Amino acid sequence: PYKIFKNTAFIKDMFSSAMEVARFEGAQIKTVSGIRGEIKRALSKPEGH
Amino acid sequence: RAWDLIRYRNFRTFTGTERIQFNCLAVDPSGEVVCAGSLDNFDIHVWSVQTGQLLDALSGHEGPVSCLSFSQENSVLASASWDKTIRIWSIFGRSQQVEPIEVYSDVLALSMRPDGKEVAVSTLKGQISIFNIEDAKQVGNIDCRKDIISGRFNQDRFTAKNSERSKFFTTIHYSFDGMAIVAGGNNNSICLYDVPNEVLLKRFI
Amino acid sequence: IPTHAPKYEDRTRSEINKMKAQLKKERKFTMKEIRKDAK
Amino acid sequence: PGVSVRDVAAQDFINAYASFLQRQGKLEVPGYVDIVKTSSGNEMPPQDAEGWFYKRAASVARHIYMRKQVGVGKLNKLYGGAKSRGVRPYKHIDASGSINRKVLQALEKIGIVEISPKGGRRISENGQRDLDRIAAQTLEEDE
Amino acid sequence: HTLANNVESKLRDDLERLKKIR
Amino acid sequence: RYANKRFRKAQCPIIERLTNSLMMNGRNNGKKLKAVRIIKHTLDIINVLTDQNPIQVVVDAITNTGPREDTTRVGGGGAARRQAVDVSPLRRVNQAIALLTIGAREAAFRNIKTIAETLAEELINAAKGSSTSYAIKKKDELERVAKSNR
Amino acid sequence: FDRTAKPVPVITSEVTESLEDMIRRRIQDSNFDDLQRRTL
Amino acid sequence: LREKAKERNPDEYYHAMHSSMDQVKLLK
Amino acid sequence: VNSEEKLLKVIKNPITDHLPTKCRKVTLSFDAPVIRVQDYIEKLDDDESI
Amino acid sequence: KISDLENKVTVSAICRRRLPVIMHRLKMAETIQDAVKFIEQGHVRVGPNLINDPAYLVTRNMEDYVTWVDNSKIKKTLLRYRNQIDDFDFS
Amino acid sequence: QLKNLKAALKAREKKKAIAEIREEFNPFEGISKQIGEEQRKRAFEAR
Amino acid sequence: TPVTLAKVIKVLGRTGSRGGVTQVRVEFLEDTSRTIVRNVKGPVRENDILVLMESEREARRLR
Amino acid sequence: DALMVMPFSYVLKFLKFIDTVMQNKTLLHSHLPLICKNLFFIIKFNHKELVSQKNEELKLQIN
Amino acid sequence: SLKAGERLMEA
Amino acid sequence: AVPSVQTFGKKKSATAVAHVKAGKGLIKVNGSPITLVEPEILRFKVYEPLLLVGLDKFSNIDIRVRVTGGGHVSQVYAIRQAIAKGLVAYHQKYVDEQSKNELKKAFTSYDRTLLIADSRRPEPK
Amino acid sequence: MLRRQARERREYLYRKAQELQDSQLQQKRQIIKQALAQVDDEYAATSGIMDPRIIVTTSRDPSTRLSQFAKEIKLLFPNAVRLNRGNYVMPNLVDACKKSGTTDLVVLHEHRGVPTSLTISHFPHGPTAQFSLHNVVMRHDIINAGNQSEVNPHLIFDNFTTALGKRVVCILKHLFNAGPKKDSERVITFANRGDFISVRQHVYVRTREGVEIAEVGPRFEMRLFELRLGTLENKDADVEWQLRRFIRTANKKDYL
RNA sequence: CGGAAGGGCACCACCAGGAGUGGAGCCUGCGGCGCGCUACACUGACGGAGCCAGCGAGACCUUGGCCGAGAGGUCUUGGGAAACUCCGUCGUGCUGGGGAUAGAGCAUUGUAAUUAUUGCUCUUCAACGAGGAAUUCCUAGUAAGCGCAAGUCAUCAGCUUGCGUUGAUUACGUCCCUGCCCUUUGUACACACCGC
């Protein structure tokens with residue numbers, strides 16, 4: 001994560017392109033602390049975020 | 001309740017739905033619409049005469065609807081409430097149009113020029129303001145605070161001057177030339193003012 | 001009154017514009033198609 | 001009977017004090033006053049290149065004295081207007097801190113202002129007296 | 001330019017690979 | 001509040017109505033201060049050109065340029081024709097102001113003149129009944145059509 | 001991998017047809033909840 | 001706290017409604 | 001190609017709304033009587049569109 | 001209910017409906033005795049008209065429209081503390 | 001709308017007439033969507 | 001041209017007239033007797049003054 | 001509304017018609033309330049102009 | 001289809 | 001102590017505290033003389049009450065106005081309302097209510113929004 | 001008046017708590033109910049007497065598609081008035097609604113011309129439901145489809161089972177108008193399938209043998225995800241219910 | 001099954017006007033359809049000057065100090081928006097409106113592929129000359145203009161939703177058209193009105 005608001009976060013450094021992310025969209029993502037999630041939409045300007 | 005006075009009998013018993021107490025009344029000139037303003041609801045309930053079942057609830061005040069009356073030429077109604085406000089409704093012919101005017105404090109009595117152009121409203125400061133309807137503007141007001149002979153109470157702890165026990169007028173009415181006003185309240189005095197020059201002509205005890 | 005000639009049907013300008021328009025086209029198409037398949 | 005810029009208008013006072021500074025001369029303007037840009041959001045240097053620096057100095061003195069102490073960053077925030085990035089909507093741009101600081105150093109060298117604890121830039125007593133004098137001058141400017 | 005074109009061709013190859021998968 | 005009831009426009013002061021109508025176009029909406037500046041410069045220019053009185057000029061122009069008859073579009077079941085009828089005073093005033101404002105804006109849209117002076121020219125010629133102003137020309141055309149197919 | 005929420009359904013001919021037949025059975029029965037006027 | 005503010009009841013009446021650096025510290 | 005102006009302008013209808021102020025409006029009719037073009041133009045007025 | 005009527009109508013319910021108690025829960029006066037002293041000194045009003053005798057059971061709607069009399073030292077001081085005094089109303 | 005439907009039914013193999021009325025008066029139907037879901041089911045079962 | 005003035009006396013409702021156009025009865029200002037039924041276009045109310053180019057004609061319905 | 005709409009010239013024709021029925025008594029008795037109501041309302045509306053006009057034959061009709 | 005009143009003046 | 005009255009004017013979201021005390025006859029706004037209000041076309045929109053009623057009253061009275069919030073126009077309307085209200089309050093408290101009533105009558109005759117706010121509460125059809 | 005609101009909101013919360021307790025007691029007593037051998041509170045107060053009136057309003061600065069959708073929703077409901085919102089703050093908006101006397105409010109949010117959320121709020125400090133609406137298709141989207149029949153419509157509710165389903169059913173039912181005719185023409189269908197309640201208008205005629213239906217009106221899938229007790233200005237009213245996204249069993253649990 | 005008569009309602013209708021899309025650029029959702037943002041300037045642009053808000057409170061912001069045209073970096077402290085307005089320059093020319101794109105230069109970010117991104121500066125000045133057919137939307141703090149803040153379990157990050165600021169023109173009537181809906185046992189209770 002590199003930019004976080006309440007309940008939303010921008011995650012970098014996990015895929016290599018927007019096609020990749022879009023293939024993976026809608027995923028149960030969980031962090032080390034143990035809080036669940038999902039990946040909502042592939043961010044545009046940076047390539048994989 | 002609507003009574004005749006040639007056969008001396010009720011036509012009808014208009015009522016609401018929740019058995020709600022009615023403080024003030026007004027009736028259309030054509031004798032066709034009846035308006036009643038409560039204190040537990042502050043909606044002006046409106047019944048039809050010949051049909052009987054209530055048309056509607058003119059809503060838009062907040063806080064009890066103190067008084068109502070009808071201009072018997074344009075046939076409008078002014079409704080005044082402790083919302084510090086007057087509200088002029090036209091309720092005929094496709095429009096259902098409202099016009100809200102503000103006073104400085106709780107209106108609690110109202111009356112209307114016989115010609116049907118002006119309202120006279122007495123508020124709680126004891127000033128009888130007088131408005132022009134179509135312009136929705138203030139033609140002029142008459143102070144009343146000093147020319148009122150209140151009364152002292154034997155169970156009181158204060159004076160008969162520096163108390164606002166009845167420092168206002170709960171009843172106003174015009175004259176039929178539209179030039180004079182009679183006023184009376186919880187006080188000991190009945191004061192007779194006149195509109196066009198904003199003064200009092202007489203005061204009876 | 002001077003006459004004028006209407007055109008009807010820069011080179012590297014049109015080539016870069018064509019390549020970018022193409023790339024936009026298949027990129028949007030492939031994102032659409034992959035998202036539908038994943039759902 | 002004792003007046004101030006609080007009693008004088010803004011633009012007339014600024015113009016009058018700028019003229020006074022022109023005539024006085026000792027302000028030590030920088031060498032690149034005629035190329036500097038005054039804002040990254042602007043797109044062409046000031047028109048009146050002969051004395052716009054003096055107008056800025058006078059406006060700075062008025063701002064400080066209407067206020068009490070101001071930093072160069074506060075001055076930049078105050079002066080920096082909004083830009084026009086074109087197809088995309090606009091966003092706020094600060095001013096030219098360099099010009100603000102040459103103004104500020106010039107005013108200190110003249111002696112109009114003095115330094116201010118808690119960090120900051122305050123008006124000096126002599127500068128205040130001269131400011132009142134020029135304010136009265138532009139008040140009775142009407143002869 | 002040329003890098004853009006060849007990566008474009010590679011991604012079209014990726015597209016057809018996904019569709020021969022599907 | 002002059003838009004609540006039906007003729008508070010008639011109770012509005014005429015100058016404020018003029019300025020409001022002036023501040024009407026896409027890039028103009030919501031700059032009443034600028035509209036006021038324009039009206040002020042226009043009044044000044046009217047005095048400078050003709051000495052009499054700006055406001056008298058404005059009122060005279062409005063009264064002179066309000067149309068007097070107009071043709072509604074009777075469908076006739078498909079035989080679309082025009083029928084001539086009268087026009088109420090409030091409509092006359094509204095249209096007079098609208099004609100003047102549109103005339104000034106049109107005549108200063110793409111031209112070296114500016115809106116203030118063009119409005120002054122429009123108002124002065126309208127008071128004259130010059131027939132060289134957009135407003136008077138349009139009024140005459142409307143009334144001529146009415147006269148024709150009355 | 002694993003999702004985290006129900007996917008929004010896609011409306012297809014099969015499901016819309018089942019829906020319409022269900023509506024028809026309802027109204028042929030004339031059994032369908034409304035907001036009936038309060039009596040008395 | 002927000003609930004209390006929304007129900008302030010703007011007429012309440014409590015009764016109490018009727019009321020160098022080292023050198024300056026030393027003086028004060 | 002001169003990049004100076006649009007030459008063929010498809011305009012919003014109609015012709016009267018995109019037409020001069022003072023005009024004479026005629027239609028070529030075969031059965032209509034024969035007239036003389038030069039005399040007609042001369043007999044028309046001075047500031048008009050035909 | 002009716003068993004409500006037979007059980008919970010209490011001298012406690014009536015006395016909490018009593019006016020100075022209404023002043024206290026609605027927070028006019030910090031104490032019951034201060035409330036009664038204010039009623040004596042004539043500072044409260046219910047709707048239009050003011051109230052002098054504490055043993056005044058306030059109806060539902062009326063107790064909702066209780067407040068001070070105008071131009072009283074009490075309201076003047078309240079507003080002074082708030083710094084919201086407004087002498088046009090001769091508050 | 002409803003007028004058109006009533007006129008059509010008054011004007012009007014009865015089962016087929018009903019079916020064609022069905023399919024023409026349901027004006028909200030992704031035919032490419034239906035074929036796409038078909039090919040996606042086919043791809044899934046093949047997978 | 002000689003124009004005439006009139007005062008509206010009554011707006012005539014419930015006549016089936018084309019939208020925007022309104023029936024009206026006027027009595028001439030000059031002589032208070034004679035009255036004509038005209039049509040108007042803008043918003044009109046009772047007891048205002050209205051200009052006629054013609055006195056002779058009287059409006060009919062407009063479908 | 002119809003009796004308000006109809007213009008004064010037609011009002012005058014109306015009064016001629018009423019005189020005609022009064023000559024033809026039987027109709028009058030057949031429809032006495034109707035004719036009375038219409039006549040009286042039409043006069044109450046167009047009173048000012050009617051009395052303003054002078055016409056001896058009209059005086060005779062009304063008598 | 002005329003209007004009441006309109007038919008009146010006609011007749 | 002000194003006679004002082006304090007009033008509030010309020011346009012859309014502009015507040016204006018008006019302090020009135022018996023003084024030499026100066027009208028200051030935000031520490032500046034009233035002759036230097038900002039928009040400079042509405043200078044007369046704020047001069048209104050003075051020229052409506054006269055000035056000798058202001059010659060005996062001292063006035064101080066502080067404004068905060070709202071735009072230029074809203075601030076101006078708040079200022080004029082605050083001045084009008086404060087002036088009438090002072091005349092009510094320290095001089096004759098005869099003149100109080102003359103002032104109130106002149107203000108309401110000219111424009112009532114000088115005294116009572118125009119709370120534009122909405123209208124649903 | 002603000003004191004009116006304070007007292008009335010407190011009593012409303014008290015009533016809701018008592019109703020919940022009585023509901024639990026009834027559930028307990030149901031076991032005995034099968035051994036020997038009803039509407040909610042606001043809608044009981046004003047169930048069949050007063051016909052509801054709704055204000056259907058856009059979010060803020062609505063794009064023309066959102067305005068189109070708002071008009072479509074109005075044409076769907078009877079006794080609806082459309083409202084364009086410009087520079088209304090929520091407090092004064094709902095205040096105008098209560099003061100004017102309005103059964104309820106429907107405020108629509110969209111994402112660049114594609115509606116996505118829909119809020120229904122009942123004004124005598126009643127409940128506000130927040131739905132997410134996805135698969136919208138507008139009549140403006142389609143074609144000139146004639147005109148909406150605008151008659152008082154019949155209602156269909158399908159597969160609403162738990163108490164939550166009952167709550168949503170009563171909310172929608174009392175949005176609609178009461179007491180239709182026997183041969184009332186158009187009918188509004190509210191199907192449920194895996195929490196995605198979907199709505200459609202249908203006109204119909206009972207054919208010589210059965211029925212035939214022409215589907216009209218919008219077409220969308222709308223799913224609850226919040227139901228707050230207070231009114232929509234508050235945002236700090238207690239939540240009667242709340243859809244949970246990040247629970248282990250998210251992708252299976254229904255009506256939660 | 002059909003017809004007639006009567007009455008109501010509506011920016012899906014009349015009537016008066018306003019504002020769009022559709023032309024161009026840009027962004028992007030549905031697959032050609034559709035939604036946003038920037039232009040076409042003089043009610044402007046440009047330069048000096050003036051300053052007036054509100055929502056928002058889970059190695060971080062920063063007041064102040066130092067240099068640098070700018071961008072920016074350096075040292076110290078703690079846990080006040082734009083449109084707007086005042087003067088000044090420009091003038092009707094795709095010109096100073098419009099900044100696409102291209103070239104060069106200057107710094108920041110990660111990192112090591114001389115990898116990419118961001119910001120500033122110079123120079124380059126394209127289409128766009130007010131947008132056809134059509135078409136939708138709209139009645140008061142409403143249309144429209146302008147900025148700011150937050151991302152609070154859905155939906156949104158070249159975007160959603162709030163808040164502040166400036167604020168109009170034209171209807172506020174009518175069932176004539178287009179529709180849609182109601183009624184044709186007064187049912188109820190005087191008076192009047194009506195009368196298959």
# chains A, B, ... in the order shown; residues from 1 in each chain; ligands from 1
call {"tool": "interface_residues", "arguments": {"of": "chain K", "to": "chain P", "cutoff": "10 Å", "atoms": "only C-alpha atoms", "output": "PyMOL selection string"}}
result
chain K and resi 1-6+9-10+18-19+21-28
call {"tool": "write_last_selection", "arguments": {"atoms": "N, CA, C and O atoms", "output": "compact mmCIF listing (two decimals), in the first residue's frame"}}
result
# COMPACT_ATOMS: atom_id res chain seq x y z
N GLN K 1 -49.32 1.96 -26.73
CA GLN K 1 -48.73 0.91 -25.90
C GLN K 1 -49.74 -0.19 -25.61
O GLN K 1 -49.87 -1.17 -26.37
N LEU K 2 -50.47 -0.03 -24.50
CA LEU K 2 -51.52 -0.98 -24.18
C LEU K 2 -52.58 -1.01 -25.26
O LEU K 2 -53.14 -2.06 -25.58
N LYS K 3 -52.89 0.16 -25.84
CA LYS K 3 -53.81 0.21 -26.96
C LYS K 3 -53.33 -0.69 -28.09
O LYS K 3 -54.11 -1.47 -28.65
N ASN K 4 -52.04 -0.59 -28.43
CA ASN K 4 -51.49 -1.42 -29.49
C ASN K 4 -51.60 -2.90 -29.15
O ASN K 4 -51.97 -3.71 -30.01
N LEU K 5 -51.29 -3.26 -27.91
CA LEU K 5 -51.39 -4.67 -27.53
C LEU K 5 -52.82 -5.18 -27.65
O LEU K 5 -53.05 -6.28 -28.18
N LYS K 6 -53.79 -4.42 -27.15
CA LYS K 6 -55.17 -4.88 -27.23
C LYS K 6 -55.62 -5.01 -28.68
O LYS K 6 -56.29 -5.99 -29.03
N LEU K 9 -54.06 -8.24 -30.14
CA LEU K 9 -54.69 -9.47 -29.69
C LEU K 9 -56.12 -9.61 -30.21
O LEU K 9 -56.54 -10.72 -30.51
N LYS K 10 -56.86 -8.51 -30.33
CA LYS K 10 -58.18 -8.61 -30.95
C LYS K 10 -58.09 -9.07 -32.39
O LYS K 10 -58.91 -9.87 -32.84
N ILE K 18 -49.32 -16.67 -29.97
CA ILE K 18 -49.00 -16.23 -28.62
C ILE K 18 -47.50 -16.04 -28.47
O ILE K 18 -47.04 -15.04 -27.91
N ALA K 19 -46.71 -17.00 -28.97
CA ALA K 19 -45.26 -16.93 -28.81
C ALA K 19 -44.67 -15.73 -29.55
O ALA K 19 -43.75 -15.06 -29.04
N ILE K 21 -46.25 -12.93 -30.25
CA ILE K 21 -46.62 -11.76 -29.47
C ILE K 21 -45.67 -11.59 -28.29
O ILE K 21 -45.18 -10.49 -28.02
N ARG K 22 -45.40 -12.69 -27.58
CA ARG K 22 -44.37 -12.71 -26.54
C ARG K 22 -43.12 -11.98 -27.00
O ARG K 22 -42.71 -10.96 -26.42
N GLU K 23 -42.50 -12.53 -28.03
CA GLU K 23 -41.15 -12.15 -28.40
C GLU K 23 -41.10 -10.78 -29.04
O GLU K 23 -40.04 -10.16 -29.06
N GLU K 24 -42.22 -10.28 -29.58
CA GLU K 24 -42.16 -8.94 -30.13
C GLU K 24 -42.53 -7.87 -29.11
O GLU K 24 -42.04 -6.74 -29.21
N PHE K 25 -43.37 -8.19 -28.13
CA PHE K 25 -43.74 -7.20 -27.14
C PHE K 25 -42.85 -7.23 -25.91
O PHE K 25 -43.10 -6.47 -24.97
N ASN K 26 -41.85 -8.11 -25.87
CA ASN K 26 -40.81 -7.91 -24.86
C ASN K 26 -39.65 -7.15 -25.49
O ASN K 26 -38.73 -7.77 -26.03
N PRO K 27 -39.63 -5.82 -25.44
CA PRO K 27 -38.66 -5.04 -26.22
C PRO K 27 -37.32 -4.79 -25.54
O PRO K 27 -36.66 -3.80 -25.89
N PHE K 28 -36.90 -5.61 -24.58
CA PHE K 28 -35.61 -5.39 -23.96
C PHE K 28 -34.62 -6.50 -24.22
O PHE K 28 -33.67 -6.66 -23.45
call {"tool": "residues_around", "arguments": {"residues": "residue 192 (chain B)", "least_positions_apart": "5", "cutoff": "8 Å", "atoms": "only C-alpha atoms (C1' of nucleotides)", "output": "VMD selection string"}}
result
chain B and resid 180 to 183 200 to 203
call {"tool": "interface_residues", "arguments": {"of": "chain M", "to": "chain L", "cutoff": "12 Å", "atoms": "only C-alpha atoms", "output": "VMD selection string"}}
result
chain M and resid 1 to 10 45 to 54
call {"tool": "select_by_dssp", "arguments": {"residues": "region 171-216 of chain P", "states": "alpha helix (DSSP H)", "output": "list in words"}}
result
residues 171, 172, 173, 174 and 175 of chain P
call {"tool": "interface_residues", "arguments": {"of": "chain K", "to": "chain G", "cutoff": "10 Å", "atoms": "only C-alpha atoms", "output": "JSON, numbers by chain"}}
result
{"K": [22, 26, 29, 30, 31, 33, 34, 35, 37]}
call {"tool": "write_last_selection", "arguments": {"atoms": "C-alpha atoms", "output": "mmCIF file, in the first residue's frame"}}
result
data_model
loop_
_atom_site.group_PDB
_atom_site.id
_atom_site.type_symbol
_atom_site.label_atom_id
_atom_site.label_comp_id
_atom_site.auth_asym_id
_atom_site.auth_seq_id
_atom_site.Cartn_x
_atom_site.Cartn_y
_atom_site.Cartn_z
ATOM 1 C CA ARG K 22 -44.367 -12.709 -26.539
ATOM 2 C CA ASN K 26 -40.813 -7.907 -24.861
ATOM 3 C CA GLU K 29 -33.945 -8.420 -25.494
ATOM 4 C CA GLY K 30 -28.814 -8.747 -25.505
ATOM 5 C CA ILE K 31 -28.977 -11.433 -28.184
ATOM 6 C CA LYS K 33 -25.260 -11.467 -24.672
ATOM 7 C CA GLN K 34 -27.190 -14.756 -24.869
ATOM 8 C CA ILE K 35 -24.818 -16.201 -27.486
ATOM 9 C CA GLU K 37 -23.181 -16.819 -22.296
#
call {"tool": "residues_around", "arguments": {"residues": "residue 4 (chain I)", "least_positions_apart": "2", "cutoff": "10 Å", "atoms": "only C-alpha atoms (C1' of nucleotides)", "output": "ChimeraX atom specification"}}
result
/C:4 /I:1-2,6-7 /Q:94,129
